[PDB]
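*Asks:* The sequence shown maps to residues 128 to 168, 181 to 247, 257 to 274, 292 to 302, 310 to 335, 338 to 368, 380 to 388 in the UniProt record's numbering.
So that we are looking at the same thing, I have put the structure below in structure tokens.
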Amino acid sequence: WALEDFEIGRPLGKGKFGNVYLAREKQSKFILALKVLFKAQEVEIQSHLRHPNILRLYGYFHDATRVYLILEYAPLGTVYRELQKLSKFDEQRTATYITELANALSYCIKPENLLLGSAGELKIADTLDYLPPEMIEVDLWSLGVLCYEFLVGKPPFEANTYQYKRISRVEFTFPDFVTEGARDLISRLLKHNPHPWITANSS
Ligand SMILES: CC(C)CCNC(=O)Cn1cc(-c2ccc3c(-c4nc5ccccc5[nH]4)n[nH]c3c2)cn1
């Protein structure tokens, strides 16, 4: 593989995905993504690591100065930016994201590192808000924080400053529209000490 085999379009992710580019394999015309790194400053496992809710790494290559990561392109963007569109997601929507995500974590986390496929299906790529108390003093806690933020439009522990305490003491509450099925799953996940609503609502 070489840089010259690819057409480059626009940067895709301006926010520390700011080095991944819309790209296109020259011969087949297939649309792809290209992440570019300067060597001056892993890749082998993610290659034969295939799953529908995980972005493919298709390969890597380098030259005298840089390293290039050939990645699947997710046409519909980040889950993050959909959340900013719709302000919050309906139950049907969040529930299918969650099982998609549990499926991803099973085979193996933030709305901005989450991408959307051709059919709107979620795929994983790769401060405080999504971190468990243990980890600040885990991917199930994260799932809990994500399920809340999908139904609600903000993460459950949002405060003005970083001064931590809300998370460590699990102080969070629900607006009323959030059903007990939703509440139960979330409250089970957001336990300080490290499903019917998920079926029913999903695919
Ligand atoms: C060694 C290995 C672990 C590296 C593989 N991971 C990375 O290179 C980090 N990374 C960036 C991405 C990334 C970021 C954004 C996109 C996108 C994408 N599509 C978009 C469509 C509209 C708006 C934004 C979009 N971003 N597609 N694929 C992506 C892939 C995925 N992984």
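Every residue, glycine too, gets a C-beta built ideally from N, C-alpha and C.
DSSP three-state label for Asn146, please.
*Replies:* Walking along the sequence shown from the start, residue 146 turns up at place 19. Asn146 falls in the strand class under three-state DSSP.
*Asks:* Comparing alpha-carbon positions, which option in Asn367, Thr233, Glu183 lies nearest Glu299?
*Replies:* Locating residue 299 in the sequence shown gives position 134, where the first residue counts as 1. Nearest C-alpha to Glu299: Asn367.
*Asks:* Measuring straight from C-alpha to C-alpha, what distance separates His380 and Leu312?
*Replies:* Within the sequence shown, the letter at position 195 stands for residue 380. Within the sequence shown, the letter at position 140 stands for residue 312. If I take the Cα positions, the gap works out to 14 Å.
*Asks:* So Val163 is in the beta strand (DSSP E); what residue range does that whole segment cover?
*Replies:* In the sequence shown, counting from the first residue as 1, residue 163 sits at position 36. Note, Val163: beta strand (DSSP E), 158-165.
*Asks:* Going by the C-beta, is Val218 closer than 8 Å to any heavy atom of ligand 1?
*Replies:* For this step, residue 218 is matched to residue 79 along the sequence shown. Outside the cutoff, so no.
*Asks:* Where does the unbroken beta strand (DSSP E) through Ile272 begin, and where does it stop?
*Replies:* To locate residue 272, count along the sequence shown from 1; it is residue 124. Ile272 -> beta strand (DSSP E) spans 270-272.
*Asks:* Does at least one heavy atom of ligand 1 sit under 8 Å from the Cβ of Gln335?
*Replies:* What you label residue 335 is simply residue 163 of the sequence shown in a count that begins at 1. False, no ligand heavy atom lies under 8 Å from that Cβ.
*Asks:* Over the uninterrupted beta strand (DSSP E) stretch that includes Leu364, give me the two end residues.
*Replies:* As a position in the sequence shown, residue 364 is number 190, starting the count at 1. Here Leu364 belongs to no beta strand (DSSP E), and DSSP marks it neither H nor E.
*Asks:* Relative to ligand 1, is the shortest distance from any of its heavy atoms to the C-beta of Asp274 smaller than 8 Å?
*Replies:* Along the sequence shown, read from residue 1 onward, the residue named residue 274 stands at position 126. It does: the Cβ of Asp274 is within 8 Å (strictly closer) of some heavy atom of ligand 1.
*Asks:* Per DSSP, which one or two residues make a beta bridge with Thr333?
*Replies:* Locating residue 333 in the sequence shown gives position 161, counting from the first residue. In the DSSP output, where bridge partners are listed per residue, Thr333 has none listed.
*Asks:* In the DSSP assignment, what are the bridge partners of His201?
*Replies:* Within the sequence shown, numbered from 1, the residue matching residue 201 stands at position 62. Per DSSP, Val206.
*Asks:* My understanding is that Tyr212 touches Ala160, with C-beta atoms under 8 Å, so please give their C-beta distance in whole angstroms.
*Replies:* Taking the first residue of the sequence shown as position 1, residue 212 is located at position 73. Taking the first residue of the sequence shown as position 1, residue 160 is located at position 33. With a Cβ gap of about 5 Å, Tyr212 and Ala160 count as contacting.
*Asks:* Classify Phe228 as helix, strand or coil using the three-state DSSP reduction.
*Replies:* As a working mapping, residue 228 is identified with position 89 in the sequence shown. Coil at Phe228, not helix or strand.
*Asks:* How would you call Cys319, buried or exposed, if buried means at least 16 neighbouring beta carbons within 10 angstroms?
*Replies:* Taking the first residue of the sequence shown as position 1, residue 319 is located at position 147. Per the 10 Å Cβ criterion, buried.
*Asks:* Once DSSP output is grouped into helix, strand and coil, what is the label at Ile257?
*Replies:* The residue given as residue 257 occupies position 109 in the sequence shown. Correct three-state label for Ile257: coil.
*Asks:* What are the boundary residues of the alpha helix (DSSP H) that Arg340 is part of?
*Replies:* Here residue 340 corresponds to residue number 166 of the sequence shown, with the count starting at 1. Here the alpha helix (DSSP H) through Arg340 covers 339-342.
*Asks:* Which word fits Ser314, buried or exposed, when buried means at least 16 other C-beta atoms lie within 10 angstroms of its C-beta?
*Replies:* Your numbering for residue 314 matches position 142 in the sequence shown. So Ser314 counts as buried.
*Asks:* Determine the extent of the beta strand (DSSP E) in which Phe133 is found, giving its start and end residues.
*Replies:* The residue labelled residue 133 in the question sits at position 6 within the sequence shown. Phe133 -> beta strand (DSSP E) spans 133-140.
*Asks:* Quick check: does the Cβ of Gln185 come within less than 8 Å of any heavy atom belonging to ligand 1?
*Replies:* What you label residue 185 is simply residue 46 of the sequence shown in a count that begins at 1. Flag set: Cβ of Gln185 near ligand 1.
*Asks:* For residue 171, I'd like the list of residues in its chain whose CB is within less than 7 Å of its CB, leaving aside the five on either flank, ordered along the chain.
*Replies:* In the model shown, the chain runs from 168 to 181 with nothing in between, leaving residue 171 without coordinates.
*Asks:* Given this structure, state the Cα-to-Cα distance separating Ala203 from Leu164, to the nearest angstrom.
*Replies:* To locate residue 203, count along the sequence shown from 1; it is residue 64. To locate residue 164, count along the sequence shown from 1; it is residue 37. If I take the Cα positions, the gap works out to 12 Å.
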